[PDB]
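Going by the order they are written in, the chains are A, B, C, D, E, F and G; count residues from 1 in each one.
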Amino acid sequence: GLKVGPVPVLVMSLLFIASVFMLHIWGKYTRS
Amino acid sequence: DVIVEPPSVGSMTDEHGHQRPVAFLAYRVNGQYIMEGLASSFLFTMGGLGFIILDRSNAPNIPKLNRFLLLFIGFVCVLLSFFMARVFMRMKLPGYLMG
Amino acid sequence: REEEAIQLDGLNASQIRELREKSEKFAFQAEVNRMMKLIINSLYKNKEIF
Amino acid sequence: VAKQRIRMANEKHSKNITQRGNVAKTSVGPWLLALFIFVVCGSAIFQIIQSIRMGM
Amino acid sequence: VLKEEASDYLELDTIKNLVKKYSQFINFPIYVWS
Amino acid sequence: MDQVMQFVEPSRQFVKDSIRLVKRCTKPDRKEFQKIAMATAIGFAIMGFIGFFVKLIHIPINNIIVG
Amino acid sequence: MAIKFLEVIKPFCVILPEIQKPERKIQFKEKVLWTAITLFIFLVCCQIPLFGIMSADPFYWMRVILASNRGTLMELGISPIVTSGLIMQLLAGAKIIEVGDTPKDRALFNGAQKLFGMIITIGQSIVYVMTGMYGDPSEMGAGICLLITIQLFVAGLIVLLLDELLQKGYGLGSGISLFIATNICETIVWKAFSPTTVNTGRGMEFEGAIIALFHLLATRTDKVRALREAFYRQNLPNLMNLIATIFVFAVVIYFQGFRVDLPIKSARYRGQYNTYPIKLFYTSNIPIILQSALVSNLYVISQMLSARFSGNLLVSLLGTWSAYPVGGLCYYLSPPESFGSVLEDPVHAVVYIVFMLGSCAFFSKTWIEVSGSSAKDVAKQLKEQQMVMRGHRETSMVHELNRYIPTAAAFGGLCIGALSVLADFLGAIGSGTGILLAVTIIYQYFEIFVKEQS
């Protein structure tokens, strides 16, 4: 319930998008 | 595209078989698909605009919030546009910049 | 280049080629399948042939 | 209206002395309400069921 | 005299399935108890 | 069929009610209508293209991300 | 009862984060920018594919991504959130759920509905994994299934925050309304200009209608034959489909302006004149949503019932399934497939049209009472505002609104249905309901611009 500033929300959102790309690349490398 | 009339996307196969769509024409520099050419071209335009917006951001008498927000967009467009282009070529030619 | 040009009211040259390739290539894979079983099996263990 | 009710309500109000500052202040179609409920609930449940049906 | 593991073969459906699987091409008619 | 005849009398009256409501409500003028038309058209094109380009860029990326 | 629940849920509600209040009003250049960043991040996320998608034929999910949206991270999207909002409103209209007027109680109510939407997302995701639509759950493995569920759940949570930020005033308007509008407009542009070429058995053709016209004209020697094909090609998006769409926009703009305005004044201060507007489409798109939902719900029950009890006469009588109901009441409910079919069976066409208009009008009037927008609610709202009509007593005002509010709602339900039926016959791209949302949202943003220019 903590009050969060708008800019913090933006950075958290971007990290999630980046993580998904990392997971896919990691999936190919771990397979290979 | 008009003269050569290539397909938007081609097809490939493997031992597991089945028709993979293809976006990048591998191993021939002077050949392309419709989708691939437009995607690459957009990146080139975006990189140029990123500098211009950055230049406008430097003008005096801009609010604190406006100036910070404009700068973030300028760097994101420039960095992503340039970095992504290298990846596209690396896939098209596997030996690119490799020695 | 010409072997992949979209042909309205016609069948693209590349497409027909791919098609037959699937027929011939698929069948060839079946030969590997058959040999795989015969060798990799245990016949008498799975002796439903009795 | 019966006059006798004047005294009836007077004694009731007299009881309030014990119930201080806590006295009870007082003293949509049914068919339609049911109809809407299944429509809204049904849409969510049916959409889930339909998705499974479409895949199946 | 089947083994314990062979109980599935004793099944009426199983024997019929085996006849179709391997002996369907036998010239002589094959009868399964029913 | 009695209910249908009874319904007819309500059917006519509310039809009369609709006409009165139309008369009262403000009606957009031609000149202001043009201003709205340009405003919506510009917003429609500008917003739509953003979707168009982002979709186009993604398609090659999809190939790289998954074989 | 519900209030007793609210305290019980109160520990649960606290966990959910809330966006910060904007300290001061934001200038226009800043005002626009915050929305744009939100728009891009959502747009990119919608197309990102999922992980551990598995799939007989490998690369199946590969071909799927390049066509529709099926299988993407945002597949759940807005549907869970909206369902939570609608159900909560209905309960309040029923009065089964009681909401305190005080600000703290209302804030708890907003917390509860956000939490309820979160629950819906988890259930929907779990069902899909169990159903094995992506792939066999055993094949995926426990670790993969858990990760996939995690990916969707975060996707829902992020959407809630982005929508909240727009409401908070950092960005104009509400995030969800903009997002729904964005895809609808994107669909229109994509069909018109999409360059992808799809191979039909006879020949490959461009998806884009405008692109198709140019290519077809050059390739074919006979211009007249090519021209007819481009306009009236059934298989692929037609040139006519676009022209119908432009025509529909013109009608929506003209009607949308319609409203009735009632003079109002502030009691406290003299000389202050304000008007309270009641729009012609006062109900908005809600009536069509309810009517379509009922028809779909009936169709699913009727088709399912046929399979379980094919023999029963009753199931056949209401609908006969061939899935499209060939005959019966459900068949009458179904829209006519083509203009030629309508001529073939005029009685079927008339029944569907008459039912469509009637259903929307009736639903709109009934909806008002449960919605909470009835004249009785409106009058009380004004009293708290301390603003009253000029020249009339407080009690009289309620009667004055009742003169206009009921008639408008009934007409609005009929009008919205009329447009929806009109759109399909013309064949304009997109639903009529979608068209209203686009114009309405855009126009609201335009109004905000006018003050800024000053």
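Convention: a contact is a pair of C-beta atoms (placed from the backbone, for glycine too) under 8 Å apart; a residue touches a chain by one contact, two chains touch by 3 or more.
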{"item": "Those chains which touch chain D and also touch chain C", "value": "G"}
{"item": "Chain closest to the middle, measuring from C-alpha centroids that were averaged per chain", "value": "G"}
{"item": "Approximate Å spacing (C-alpha centroids) for the pair chain F, chain G", "value": "12"}
{"item": "Chain centre separation (chain E, chain F; CA means) in Å", "value": "70"}
{"item": "Centroid spacing, where centroids are CA-atom means, of chain B and chain G in whole angstrom", "value": "34"}
{"item": "Centre distance in Å when chain A and chain D are each reduced to the mean of their C-alpha atoms", "value": "47"}
{"item": "Contacts with two or more other chains, residues of chain C listed in rising order", "value": "6, 12"}
{"item": "Two or more partner chains touched - positions in chain D", "value": "none"}
{"item": "Chain A: positions in contact with at least two other chains", "value": "24"}
{"item": "Parts of chain G lying in touch with chain A, wherever the complex brings them together", "value": "13-22, 34, 37, 41, 44-45, 48, 51-52, 73, 151, 154, 158, 161-162, 165, 168, 170"}
{"item": "Residues of chain C that touch chain B when the two form their complex", "value": "1, 4-6, 12, 14, 18, 21-22, 25-26, 29"}
{"item": "Chain G-facing residues of chain C, complex", "value": "6-10, 12, 15"}
{"item": "Parts of chain B lying in touch with chain G, wherever the complex brings them together", "value": "7-9, 14, 16, 18-21, 34-35, 38, 63, 65-66, 69-70, 73"}
{"item": "In the complex, chain G residues that touch chain B", "value": "26-27, 29-30, 33-34, 37, 57-59, 62-63, 66, 195-197, 204"}
